[PDB]
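Q: Residue numbers (the entry's author numbering), protein chains in the order written: chain I, 593 to 739; chain A, 1 to 147; chain E, 297 to 443; chain C, 149 to 295; chain G, 445 to 591.
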Amino acid sequence: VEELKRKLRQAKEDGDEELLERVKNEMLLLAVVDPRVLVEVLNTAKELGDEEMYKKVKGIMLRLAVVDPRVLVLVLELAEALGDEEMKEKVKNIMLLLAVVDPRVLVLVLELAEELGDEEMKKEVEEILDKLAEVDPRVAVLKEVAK
Amino acid sequence: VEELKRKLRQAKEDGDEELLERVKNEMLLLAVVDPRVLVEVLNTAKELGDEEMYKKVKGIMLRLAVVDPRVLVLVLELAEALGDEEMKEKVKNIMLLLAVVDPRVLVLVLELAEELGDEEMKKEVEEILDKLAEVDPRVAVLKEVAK
Amino acid sequence: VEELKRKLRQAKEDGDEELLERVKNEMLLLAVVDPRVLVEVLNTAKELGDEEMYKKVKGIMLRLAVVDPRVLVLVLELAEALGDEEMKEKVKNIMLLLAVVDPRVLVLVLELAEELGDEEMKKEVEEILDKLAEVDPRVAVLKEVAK
Amino acid sequence: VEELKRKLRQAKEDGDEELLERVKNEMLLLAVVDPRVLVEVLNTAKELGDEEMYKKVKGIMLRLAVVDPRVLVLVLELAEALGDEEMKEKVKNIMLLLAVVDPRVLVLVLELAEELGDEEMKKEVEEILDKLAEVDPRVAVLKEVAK
Amino acid sequence: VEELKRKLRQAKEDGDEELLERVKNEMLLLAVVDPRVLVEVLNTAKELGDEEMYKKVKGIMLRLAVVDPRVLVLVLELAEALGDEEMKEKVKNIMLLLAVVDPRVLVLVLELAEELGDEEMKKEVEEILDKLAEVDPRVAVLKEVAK
């Protein structure tokens, strides 16, 4: 966090890339397990002018989203907070693919399809539900209640 | 949290929207991942007199509820604490829709149908239980034990 | 919690029931999302001398149990630590209801049926297993292994 | 924890069994929901010489495992760290019983069978796999891959 | 961890291998139950010049991975952060065996199938999907949507 990025800054000013790389990598790993650091380190990576660190952190958080739906909501909001067309495409794909095998996401998506009301989102979701409903009766009654 | 609240307030009394926007957005992002911060970020949003921040934070916590059932009690109690006709509507709806596909919430709904003891709630939950038990024998055993 | 405790104390010496409601409500909500505060706010309510906040906290944590099985052990032990015939009945009921649809609890209760060894517990558990085994084939193997 | 430690030490030094018992019960309850304190409080149980506190804490942290697999790995390592025959006997039973209903453990056991390499472990677990695999189709593929 | 780190580093310079064993087991057990300490306890183990503590911590964290999918992503990054040929070998097998019985992992591996693009890993994933899809319709719809 704050002390790690401060040491990072001072080491980069001193030089010694062999130390700076390890400080950066430990920040990256701490960002994986402690998610409230993700919003920090990410915005740090942009400020240093390092596209590689920023892109790798985007990667880490995006593929961490598929194993932790709270981080999925985080990245789904962050996609709009940045206004990026890589985040806003790949998150809105991993979500509309993860909904198939994780069934509470199949309700988060149904709430987004009215809070955002995206036409393409709704037209995808209707097909998701119609494909699921014939092989999963709980999804059938879910389609009954959502109307 | 305390530091971001202090920063936002001090910026607000000295102006310079370009800093206020960034601090506010980072605070919302932090609140997405740290639910303990939410009850703070919400109230501060009300204090500034900006219904837009407060409304977006209600949005964030509400759609966070459908992917983290710990928050589903937080917002459920917060609806009574505020007495807002949206929270009391949409939170009740996402419960009586999420119960279809996540039975830990189904038992929570069965407990609410007596701790609040609302007639409209129980008489609707009867339909959920019937439609599930008709096509899923485990929920039929649940209906047997809960009666 | 310490700041909220101090604020509640300073509010109590001078009235201001609106301040009391605000601080107490923030304590209640903080207790919903940070379970290690549950035991604190519970007893602070008791020493303060208000049956209503105490019973509301008993409600909040009890219905939080059915959505977070880590708090289930907390309330199950706190029932005996208090000796309250309310907790010791309602928790011993939500377990023998929640086990029907959640199968990790179905081997938590089976540990109580020997570490407490109650006849009621063992009899009810035998009934639960006999009902589930004919409609959930996997649990049949459980009935074979728990021999 | 340090505050509760100082309070219990002062209570022991004076000889006020009521305050000491109460604060120890509060510590026990705190240990239920903040598991990174368990190995601490357990140790304190050995420090005071209270075999009863030691046994109750062993019970709490053991039956907490069947609802939180992180505590399951904790107690699984702690059984070897202590060398207690009850911990080593009973964790290697609640695990080989929890595996039947929770499939994430079914690839935690399968890693122990080689990292600890116990002959009895593998010879017992073969029965679990062969019983599940004929009544749960995914386990058939799980057995096809792990061979 | 920093306090236990300091105590251990002091004990290393004054002997008393029993004190060292004690602080070591303290750090190890704290690491199992609070994952953000792992990357710390690992690196210190390497710095002291004790391959055995480092190997034990690798064991513990890899074993914890199969019951905590966030540590799965942690070790999945750490594998290439070190470059070691056990993590890169064994993590890429506990994952491609855990995916069989965990539906969220089946949409984590499918992102790596392009984020690293390993042809043999893509073939492994196709084999997993083809085996699952004929005995689990959810996976059939997942295969349909993924293309």
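For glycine and all other residues, C-beta sits at the position ideal for the given N, C-alpha and C.
(1) Does DSSP classify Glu703(I) as helix, strand or coil?
(2) Quick check on the DSSP output: the alpha helix (DSSP H) that includes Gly651(I) runs from which residue to which?
(3) Return no unless some Cβ of chain E is closer than 9 angstroms to the Cβ of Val91(A).
(4) Tell me the DSSP secondary structure of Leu74(A) in three-state form.
(5) Could you tell me whether the Cβ of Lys575(G) comes closer than 9 angstroms to any Cβ of chain C?
(6) For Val649(I), which residues in the same chain have their Cβ closer than 8 angstroms to its Cβ, ignoring the five residues on either side in sequence?
(7) At which residue ranges does the region 8–34 of chain A contain complete alpha helix (DSSP H) runs of 4 or more residues, listed in the order of the chain?
(8) If you measure beta-carbon to beta-carbon, which residues of the region 499–512 of chain G are closer than 7 angstroms to chain C?
(9) CB-CB under 7 angstroms to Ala455(G), same chain, minus the five flanking residues each way: which ones, in chain order?
(10) Quick one: what's got a C-beta closer than 8 angstroms to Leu358(E)'s C-beta in the same chain, skipping five residues either side?
(11) Just reading off the alpha helix (DSSP H) that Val437(E) is part of, what are its end residues?
(12) Strictly below 7 angstroms CB to CB, what residues from chain A border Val717(I)?
(13) Which of the three DSSP states is assigned to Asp722(I) in this structure?
(14) Whole angstroms is fine: what's the gap from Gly197(C)'s alpha carbon to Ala227(C)'s?
(15) CB-CB under 7 angstroms to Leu402(E), same chain, minus the five flanking residues each way: which ones, in chain order?
(16) Between the Cα of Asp478(G) and the Cα atoms of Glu491(G), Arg514(G), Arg453(G) and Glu461(G), which residue gives the shortest distance?
(17) With a cut-off of 8 angstroms on the beta carbons, I'd call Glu259(C) and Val511(G) a contact; round off their distance for me.
(18) With a threshold of 16 other CB atoms inside 10 Å of the CB of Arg286(C), please say whether the residue is buried or exposed.
(19) Keeping to the same chain, check which residues put their C-beta closer than 8 angstroms to that of residue 187(A); ignore five residues upstream and five downstream.
(20) Can you check whether the C-beta of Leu112(A) is within less than 9 angstroms of a C-beta belonging to chain E?
(21) Under a three-way DSSP split, which group does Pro547(G) fall into?
(22) Measure the C-alpha to C-alpha separation of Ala81(A) and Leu304(E) and round it to an integer number of angstroms.
(23) Taking the straight line between their C-alpha atoms, what separation do you get for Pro547(G) and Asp460(G)?
(24) What distance in whole Å lies between the Cβ atoms of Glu373(E) and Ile276(C), which are believed to be in contact at a cut-off of 8 angstroms?
(25) Helix, strand or coil: how does DSSP classify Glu86(A) here?
(26) If we count the other Cβ atoms within 10 Å of its Cβ and call it buried at 16 or more, is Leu116(A) buried or exposed?
(27) Is it buried or exposed for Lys123(A), if we count other Cβ within 10 angstroms and need 16 for buried?
(28) How about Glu151(C): is its C-beta nearer than 9 angstroms to some C-beta of chain G?
(29) Is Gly117(A) near the ligand PLP, judged by its Cβ being under 8 angstroms from some heavy atom?
(30) Would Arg184(C) pass as an interface residue toward chain G - the criterion being a Cβ-Cβ separation below 9 angstroms?
(31) What residue does the alpha helix (DSSP H) around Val633(I) start on, and which one ends it?
(32) Check the Cβ-Cβ distances between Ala140(A) and every residue of chain E, and say whether any is below 9 angstroms.
(33) In this structure, does DSSP put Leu246(C) in helix, strand or coil?
(34) Quick check: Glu144(A) and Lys427(E), are their CB atoms within less than 9 angstroms of each other?
A: Working from what's here:
(1) helix
(2) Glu643 to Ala657
(3) no
(4) helix
(5) yes
(6) Around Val649(I): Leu620, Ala623, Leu630, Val633, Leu634 and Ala637.
(7) 17–33
(8) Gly503, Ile504, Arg507, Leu508, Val510, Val511 and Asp512
(9) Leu463, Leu464 and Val467
(10) Result list for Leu358(E): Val371, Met383, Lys386, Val387 and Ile390, in chain order.
(11) Where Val437(E) is concerned, the enclosing alpha helix (DSSP H) stretches over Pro433 to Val441.
(12) Correct list: empty, because the minimum Cβ distance to chain A is about 14 angstroms.
(13) Three-state result, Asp722(I): helix.
(14) 20 angstroms
(15) Hits under 7 angstroms: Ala395.
(16) Of the listed residues, the one whose Cα sits closest to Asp478(G) is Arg514(G).
(17) With 8 angstroms as the limit, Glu259(C) and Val511(G) do not qualify as a contact, their Cβ atoms being about 10 angstroms apart.
(18) buried
(19) Nothing can be reported for residue 187(A), as the shown portion of chain A is limited to 1 through 147.
(20) yes
(21) coil
(22) 18 angstroms
(23) Counting only the Cα atoms, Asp460(G) lies some 49 angstroms from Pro547(G).
(24) So it is not a contact: roughly 30 angstroms between Cβ atoms.
(25) coil
(26) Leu116(A) should be labelled exposed.
(27) Exposed, since its Cβ has fewer than 16 Cβ neighbours within 10 Å.
(28) The C-beta of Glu151(C) comes no closer than 9 angstroms to any C-beta of chain G.
(29) Questions concerning the ligand PLP fall outside what the structure shown contains, since it holds no ligand whatsoever.
(30) yes
(31) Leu630 to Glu639
(32) yes
(33) helix
(34) Less than 9 angstroms separates the beta-carbon of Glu144(A) from that of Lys427(E).
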